[PDB]
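Keep in mind that the numbers below use all heavy atoms, side chains included, and drop hydrogens, waters and symmetry copies. Letters A, B, ... mirror the listed sequences (proteins, then strands); counts begin at 1.
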Amino acid sequence: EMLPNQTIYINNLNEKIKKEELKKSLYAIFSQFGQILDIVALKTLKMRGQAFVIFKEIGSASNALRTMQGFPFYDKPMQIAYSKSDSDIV
RNA sequence: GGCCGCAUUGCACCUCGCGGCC
């Protein structure tokens, strides 16, 4: 099982949504959990449907993951895990 | 810049699947 990390990894995201909008919408629902350093969403073949939300505190990430797990975002239940590895900005 | 089709459920941190229309 994935250990806690201050970055959460989200997938099963609706790929039809433009990346800039996607990120603003994500910030709309995750900022309640604590300070966000950055949100990474790419639309490459490999990385579309996915995003990284990088919290300042690990406890924010844990709370965000547990609370928002499965929340239907642009119609699709978000799938949320901790990221495998630390995000670069540190 | 705007539409749309095919394929993709994928762990990233300098681009970066393919095709059609305006």
Side-chain angles (χ1 to χ4, degrees):
Chain A
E1 325 204 327
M2 218 60 80
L3 289 185
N5 194 285
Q6 62 196 92
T7 294
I8 63 176
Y9 166 79
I10 308 177
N11 73 325
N12 196 47
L13 294 172
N14 187 327
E15 299 168 23
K16 288 186 298 297
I17 304 313
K18 197 220 137 179
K19 76 175 105 66
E20 223 51 39
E21 174 183 336
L22 181 58
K23 295 211 290 175
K24 278 161 183 185
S25 288
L26 285 165
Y27 189 94
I29 57 180
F30 281 107
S31 62
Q32 59 179 299
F33 297 100
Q35 176 173 345
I36 292 168
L37 309 175
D38 204 16
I39 299 182
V40 175
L42 306 165
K43 288 271 234 157
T44 63
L45 172 66
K46 177 179 185 173
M47 293 316 293
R48 66 187 59 170
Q50 298 153 81
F52 295 80
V53 184
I54 309 168
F55 290 96
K56 181 172 162 181
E57 306 299 338
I58 295 186
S60 293
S62 287
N63 196 20
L65 181 146
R66 297 166 95 252
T67 305
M68 301 305 293
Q69 186 64 265
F71 176 75
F73 185 65
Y74 293 105
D75 303 328
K76 286 162 74 55
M78 287 188 295
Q79 192 170 252
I80 308 177
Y82 296 118
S83 64
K84 283 198 178 98
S85 296
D86 281 344
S87 300
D88 285 347
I89 63 170
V90 165

Please measure how far the P atom in B:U9 lies from the corresponding atom in B:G17, and state the result in whole Å.
-> 15 Å

Determine the interatomic distance between P on B:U8 and the same-named atom on B:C18; round to the nearest Å.
-> 16 Å

With A:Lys56 via side-chain hydrogen bond (donor to acceptor under 3.5 Å, both in side chains) - residues at least two apart = none

Under 5.5 Å between six-ring centres and under 30° between planes, true for B:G17 and B:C18?
-> yes

Would you say A:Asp86 and A:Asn5 make side-chain contact, with heavy atoms under 4.5 Å?
-> yes

Which part of the nucleic acid, if any, lies within reach of A:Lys18 when heavy atoms closer than 4.0 Å are counted: base, sugar-phosphate only, or nothing?
-> nothing

Residue whose nearest RNA chain B nucleotide is more 5′ - A:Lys76 or A:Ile89 = A:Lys76

Closest to the A:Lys84 side chain, choosing from B:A12, B:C11, B:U9 | B:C11

Give A:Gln79 one of three labels, base, sugar-phosphate or nothing, depending on what nucleic acid heavy atoms sit under 4.0 Å from its own.
-> nothing

Stems involving RNA chain B: give each as a range paired with a range, ordered by first number, where a stem means at least three consecutive Watson-Crick or G-U wobble pairs under 3.5 Å.
-> B:1-6 with B:17-22

Could you state the CG-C1' distance from A:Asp88 to B:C11, rounded to the nearest angstrom?
-> 12 Å

With distance as the sole criterion, do the side chain of A:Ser87 and the base of B:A12 form a donor-acceptor contact below 3.5 Å?
-> yes

The ring-ring contact (aromatic ring centres under 6.0 Å, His included) partners of A:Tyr9 (sequence neighbours excluded) come to A:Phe52

Separation of the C1' atoms in B:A7 and B:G19, to the nearest angstrom | 11 Å

For RNA chain B, which residues in residues 40-54 of chain A have a heavy atom at a distance below 4.0 Å?
-> A:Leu42, A:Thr44, A:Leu45, A:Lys46, A:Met47, A:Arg48, A:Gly49, A:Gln50, A:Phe52

Could you work out the separation of B:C16 and B:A12 based on their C1' atoms and round it to a whole Å?
-> 14 Å

Which of residues 3-14 of chain A sit near RNA chain B, with a heavy atom under 4.0 Å from it?
-> A:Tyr9, A:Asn11, A:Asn12

Sorted by chain and number, sequence neighbours left out, side-chain hydrogen bond (donor to acceptor under 3.5 Å, both in side chains) with A:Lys18 holds for none

A:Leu13: which of A:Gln79, A:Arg48, A:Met78 passes side chain to side chain contact (heavy atoms under 4.5 Å, CB included) | A:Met78

Report whether A:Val40 and A:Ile8 are members of the same hydrophobic cluster (ILVMFWY, side-chain heavy atoms less than 4.5 Å apart, transitive linking).
-> no

